[PDB]
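Data file: input.pdb. Format and content: PDB, C-alpha atoms (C1' of nucleotides).
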ATOM      1  CA  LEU A   1     -92.872 115.597  72.611
ATOM      2  CA  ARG A   2     -93.463 115.957  76.370
ATOM      3  CA  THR A   3     -93.614 112.243  77.295
ATOM      4  CA  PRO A   4     -92.062 109.021  75.988
ATOM      5  CA  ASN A   5     -93.508 106.523  73.512
ATOM      6  CA  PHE A   6     -94.895 109.413  71.434
ATOM      7  CA  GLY A   7     -92.427 109.634  68.554
ATOM      8  CA  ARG A   8     -93.093 110.087  64.840
ATOM      9  CA  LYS A   9     -94.427 106.537  64.390
ATOM     10  CA  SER A  10     -97.753 107.359  66.094
ATOM     11  CA  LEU A  11     -98.244 111.115  65.722
ATOM     12  CA  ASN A  12    -101.026 111.389  63.131
ATOM     13  CA  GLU A  13    -102.927 108.090  63.444
ATOM     14  CA  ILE A  14    -104.507 109.138  66.750
ATOM     15  CA  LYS A  15    -105.488 112.514  65.288
ATOM     16  CA  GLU A  16    -107.013 110.836  62.228
ATOM     17  CA  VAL A  17    -108.949 108.398  64.426
ATOM     18  CA  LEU A  18    -110.237 111.281  66.554
ATOM     19  CA  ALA A  19    -111.270 113.235  63.452
ATOM     20  CA  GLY A  20    -113.071 110.220  61.997
ATOM     21  CA  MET A  21    -115.114 109.817  65.176
ATOM     22  CA  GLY A  22    -116.568 113.304  64.703
ATOM     23  CA  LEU A  23    -114.140 115.603  66.503
ATOM     24  CA  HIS A  24    -111.013 117.331  65.169
ATOM     25  CA  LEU A  25    -107.677 118.809  66.282
ATOM     26  CA  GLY A  26    -109.195 121.217  68.779
ATOM     27  CA  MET A  27    -112.157 123.339  67.658
ATOM     28  CA  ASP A  28    -113.358 123.631  71.267
ATOM     29  CA  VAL A  29    -112.499 125.244  74.609
ATOM     30  CA  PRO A  30    -109.355 124.120  76.495
ATOM     31  CA  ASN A  31    -110.582 121.816  79.272
ATOM     32  CA  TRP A  32    -114.180 122.914  78.683
ATOM     33  CA  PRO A  33    -116.043 119.728  79.730
ATOM     34  CA  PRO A  34    -113.613 118.946  82.571
ATOM     35  CA  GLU A  35    -116.354 118.641  85.229
ATOM     36  CA  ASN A  36    -119.436 116.470  85.728
ATOM     37  CA  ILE A  37    -121.728 119.080  84.139
ATOM     38  CA  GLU A  38    -121.379 117.642  80.616
ATOM     39  CA  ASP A  39    -120.905 114.047  81.792
ATOM     40  CA  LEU A  40    -122.714 111.373  79.789
TER      41      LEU A  40
ATOM     42  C1'  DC B   1    -214.980  24.696  41.688
ATOM     43  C1'  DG B   2    -213.228  26.362  46.759
ATOM     44  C1'  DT B   3    -208.749  26.162  49.651
ATOM     45  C1'  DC B   4    -204.273  25.732  51.006
ATOM     46  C1'  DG B   5    -198.790  24.206  49.746
ATOM     47  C1'  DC B   6    -195.793  27.326  48.935
ATOM     48  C1'  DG B   7    -193.548  31.802  47.916
ATOM     49  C1'  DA B   8    -192.437  37.294  48.100
ATOM     50  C1'  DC B   9    -193.866  41.716  49.963
ATOM     51  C1'  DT B  10    -193.294  46.026  51.913
ATOM     52  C1'  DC B  11    -194.327  47.517  56.621
ATOM     53  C1'  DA B  12    -193.224  47.858  61.206
ATOM     54  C1'  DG B  13    -189.338  47.252  64.658
ATOM     55  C1'  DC B  14    -184.594  47.735  66.609
ATOM     56  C1'  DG B  15    -179.689  50.192  66.798
ATOM     57  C1'  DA B  16    -177.479  55.483  66.241
ATOM     58  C1'  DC B  17    -174.029  61.673  65.548
ATOM     59  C1'  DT B  18    -174.598  66.921  67.285
ATOM     60  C1'  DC B  19    -175.546  70.598  70.688
ATOM     61  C1'  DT B  20    -173.634  77.936  67.675
ATOM     62  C1'  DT B  21    -169.742  81.481  67.772
ATOM     63  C1'  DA B  22    -165.295  84.264  71.631
ATOM     64  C1'  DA B  23    -165.384  84.387  76.428
ATOM     65  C1'  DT B  24    -165.849  84.208  83.506
ATOM     66  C1'  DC B  25    -160.456  80.790  87.238
ATOM     67  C1'  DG B  26    -156.371  76.081  88.368
ATOM     68  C1'  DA B  27    -155.433  72.305  90.464
ATOM     69  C1'  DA B  28    -158.453  68.199  91.385
ATOM     70  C1'  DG B  29    -159.894  61.437  95.309
ATOM     71  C1'  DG B  30    -159.391  55.796  96.245
ATOM     72  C1'  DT B  31    -156.511  49.983  96.533
ATOM     73  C1'  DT B  32    -153.384  47.946 101.195
ATOM     74  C1'  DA B  33    -150.255  38.525 102.121
ATOM     75  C1'  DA B  34    -144.458  38.109 103.058
ATOM     76  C1'  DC B  35    -139.071  36.642 101.523
ATOM     77  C1'  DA B  36    -134.810  35.397  98.724
ATOM     78  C1'  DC B  37    -130.725  35.179  95.744
ATOM     79  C1'  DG B  38    -129.225  36.985  91.366
ATOM     80  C1'  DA B  39    -128.611  40.075  87.322
ATOM     81  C1'  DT B  40    -129.033  45.036  86.830
ATOM     82  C1'  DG B  41    -128.161  49.226  87.102
ATOM     83  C1'  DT B  42    -126.569  53.795  90.422
ATOM     84  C1'  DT B  43    -123.256  56.568  92.445
ATOM     85  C1'  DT B  44    -117.986  58.028  94.210
ATOM     86  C1'  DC B  45    -112.997  58.610  93.542
ATOM     87  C1'  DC B  46    -109.130  58.168  90.621
ATOM     88  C1'  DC B  47    -106.059  58.301  87.656
ATOM     89  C1'  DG B  48    -105.311  59.413  81.898
ATOM     90  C1'  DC B  49    -105.158  63.138  78.554
ATOM     91  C1'  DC B  50    -106.085  67.376  77.848
ATOM     92  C1'  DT B  51    -107.327  71.218  78.180
ATOM     93  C1'  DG B  52    -105.956  76.753  80.055
ATOM     94  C1'  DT B  53    -103.355  79.968  83.262
ATOM     95  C1'  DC B  54     -99.941  83.228  84.024
ATOM     96  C1'  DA B  55     -95.227  83.498  84.900
ATOM     97  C1'  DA B  56     -89.846  83.011  83.685
ATOM     98  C1'  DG B  57     -86.363  83.441  79.962
ATOM     99  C1'  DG B  58     -85.020  85.021  75.459
ATOM    100  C1'  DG B  59     -84.802  87.219  70.674
ATOM    101  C1'  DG B  60     -86.521  89.949  66.749
ATOM    102  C1'  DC B  61     -88.844  93.910  65.119
ATOM    103  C1'  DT B  62     -90.123  98.446  65.596
ATOM    104  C1'  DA B  63     -89.078 102.908  66.829
ATOM    105  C1'  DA B  64     -86.983 107.027  69.198
ATOM    106  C1'  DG B  65     -82.900 109.777  70.543
ATOM    107  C1'  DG B  66     -78.105 111.389  69.786
ATOM    108  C1'  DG B  67     -73.983 112.418  66.931
ATOM    109  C1'  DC B  68     -71.445 113.795  62.538
TER     110       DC B  68
END
Rewrite the coordinates I just gave you, this time as structure tokens.
Amino acid sequence: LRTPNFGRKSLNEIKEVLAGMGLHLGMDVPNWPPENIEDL
DNA sequence: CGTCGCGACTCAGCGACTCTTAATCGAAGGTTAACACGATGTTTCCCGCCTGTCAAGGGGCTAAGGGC
């Protein structure tokens, strides 16, 4: 809801795709791996 | 009553295939008449058809925001 082209049409498909990959809606630190320390 | 006329006979003789089984390193040298059209390929561009860009335009579908 902060930028355009992010309405209700595509609001849960991206979250489902991210969860299927192995991650989830959060469950980590905000901007934790934002440096080259955990780069791979 | 002998042999030889005439026959086979096996004996020699002459030719001829392989060199275990895995492995130590890759290729390897000569022979030196002249010319001519013709039919036969060889090689270059050149357009023909066609294939492939991205763009322009547009609409139609999908979706997101605002109002009652």
List every residue of chain A that has an atom at most 10 Å from any atom of chain B, giving for each one its closest atom pair and the distance in Å to one decimal, counting only C-alpha atoms (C1' of nucleotides), sorted by chain and then by ascending residue number, as a Markdown table.
| residue | atom | partner | partner_atom | distance |
| --- | --- | --- | --- | --- |
| A:4 | CA | B:64 | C1' | 8.7 |
| A:5 | CA | B:64 | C1' | 7.8 |
| A:6 | CA | B:64 | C1' | 8.6 |
| A:7 | CA | B:64 | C1' | 6.1 |
| A:8 | CA | B:64 | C1' | 8.1 |
| A:9 | CA | B:63 | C1' | 6.9 |
| A:10 | CA | B:63 | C1' | 9.8 |
Quick one: residues within 8 Å of residue 15 in chain A, all atoms listed in the file counted, chain neighbours fewer than 3 positions away excluded, as a ChimeraX atom specification? /A:11-12,18-19,24-25
Write the residues of the preceding selection, restricted to C-alpha atoms, as a tab-separated table (two decimals), in the coordinates of the input.
chain	number	residue	atom	x	y	z
A	11	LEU	CA	-98.24	111.12	65.72
A	12	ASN	CA	-101.03	111.39	63.13
A	18	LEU	CA	-110.24	111.28	66.55
A	19	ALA	CA	-111.27	113.24	63.45
A	24	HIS	CA	-111.01	117.33	65.17
A	25	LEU	CA	-107.68	118.81	66.28
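Between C1' of residue 59 in chain B and CA of residue 14 in chain A there is a distance of 29.7 Å.
Picture a line from CA of residue 2 in chain A to CA of residue 33 in chain A; it runs 23.1 Å.
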Using 3 Å of padding on each side, determine the axis-aligned box around all atoms of range 44-58 of chain B present in the file and give its centre and edge lengths in Å to one decimal, as JSON.
{"center_x": -101.5, "center_y": 71.5, "center_z": 84.8, "size_x": 39.0, "size_y": 33.0, "size_z": 24.8}
